[PDB]
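As structure tokens, the next two blocks hold two forms of the same chain, structure 1 and structure 2.
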Structure 1
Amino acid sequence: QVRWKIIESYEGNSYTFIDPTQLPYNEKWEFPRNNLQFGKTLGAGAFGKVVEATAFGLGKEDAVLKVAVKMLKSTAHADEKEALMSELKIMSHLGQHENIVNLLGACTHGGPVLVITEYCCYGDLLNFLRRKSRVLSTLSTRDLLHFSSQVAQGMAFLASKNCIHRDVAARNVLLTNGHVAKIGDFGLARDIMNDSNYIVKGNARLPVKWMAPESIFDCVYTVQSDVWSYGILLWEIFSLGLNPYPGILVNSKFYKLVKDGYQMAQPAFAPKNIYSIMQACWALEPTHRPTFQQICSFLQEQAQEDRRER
């Protein structure tokens, strides 16, 4: 699966007392549907879509601002409504963080369910990288480090809530004001069917090139498997957005390689220290992978060194 999920953790640092899917919606998020003016469709998958809108009088400051609004398509049935509400329930439970696309409100009465989140004006990180890659201001190591750290903090936050992401990738990072990176559960805005990076596995479509071997082979999904995917994301960032495993098709030979410990070569713009993060993320043994907090800490050191020399 490609949506966010809360898991149970024992004798970990964080404890799951409740499953947010249960104990339904808190009507404190409720926002007047009529105070939404819809704009362009930002993206859409099989069951739902995300559209840009202006919201009037939203929040404590009740400002007028651009927001993103998620909603179902016509093809959506009961199963689809539940999953949307379930996504709403998780975002309301997680709480806020600077590097997550935050819940601003919802319309669950008087019409179709709408979920209102912060609008990220610059779009996805992968496109941004590929555009910067072919310009003639040009990106510097400090920018690439900042993206890396901001995503790492978002993921360290999720990990602290026993929440797994399951689709970490540059296509799934958004850039908002100041080009700050944010992550979120973007499935419904993702046209998975028409993105060839999602490979058909019988009944599912999975981002095979981003997935830890245990996720691919055992269908295991943990914070540690998210750490592997974050390493692939790092490789994307410091290659300025090449497709992972360049040239290498996804077929039985691909699986044997990753199984057997194959790892991508150092990207053009990764310092050796950043490549060492990638390698640590791609440890075959999941418990030998760093935590997101350890990654944050180490990236913090790389940023100060850059700030000292540069």
Structure 2
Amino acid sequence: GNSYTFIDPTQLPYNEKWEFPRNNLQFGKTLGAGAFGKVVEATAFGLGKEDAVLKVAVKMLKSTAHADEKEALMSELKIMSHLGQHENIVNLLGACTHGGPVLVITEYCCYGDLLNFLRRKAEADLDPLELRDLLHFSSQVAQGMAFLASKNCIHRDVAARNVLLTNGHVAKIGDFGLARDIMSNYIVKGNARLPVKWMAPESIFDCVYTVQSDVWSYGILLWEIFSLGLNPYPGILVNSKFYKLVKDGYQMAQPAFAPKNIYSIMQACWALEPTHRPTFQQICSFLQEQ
């Protein structure tokens, strides 16, 4: 057939350069968990050219996991290994694929997730975040998305809860559990629990994902950032009523700390036609100037 084809990174064998011995690894406390597995804190000894002793985060499935889920963690590993590094992504540091279950090792971000961070500040002030800081988080997530978009990697789980804050409070997009690689649609296979309040209409109603779907999600995140971590569509349950509102063009109101320019960016991300939404690169231009 045609001698030229795009290379599907999920089809590539595991790259052995990421391999790290599990006995150079010491597990600590659980950072987050589910039914799929967990992410734990660990100390890595002699990892890469980094600090000889290095605090890292490690993802693993619970021993209960079936063939389905083990394969989904390898796909995740494979996607993350082809991306290359960026300053605003929770980068992959290595893996453990021999001598035991699959472990995926990534940068440890000491201040945890953005959502909880924003909520602690909101609770502390009731008992100090500035607009500049909120803009910086927004701009940094945008930069990471633009990098992902430029790899044809659609994240599919853009939310304050999946943005993490590392040294200097630098924002990084984490959790690639639903990340997928395209090229030009991605169609939803089905029945995975999904983050409905962060999903673009075409993803809900047509099971279709493009990079412009992530832009919708990013707009929701902007709403989360500038409201200091309110749940989206506050007080409105996911049901028939919600889907109607979304399809008929309902949008959340301007949050307390969002300047008009940022709300306008939000609203443009919430265009029903995905191609009428701005690109992540354009969004980087907007926030670099604000």
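Between two forms, the rigid core is defined as the largest C-alpha subset superposing within 1.5 Å. Residue numbering: sequential along structure 1, first residue numbered 1.
- Core-based superposition between the two structures shows that, of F186, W228, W235, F147, only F186 has its Cα displaced by 2 Å or more.
- With a cut-off of 2 Å and the rigid core superposed, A204 has a Cα displacement that reaches or exceeds the cut-off between the two structures.
- The two forms, fitted on their core, place the C-alpha of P246 1.3 Å apart, compared between the two structures.
- Core-based alignment between the two structures gives a C-alpha movement of 0.3 Å at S297.
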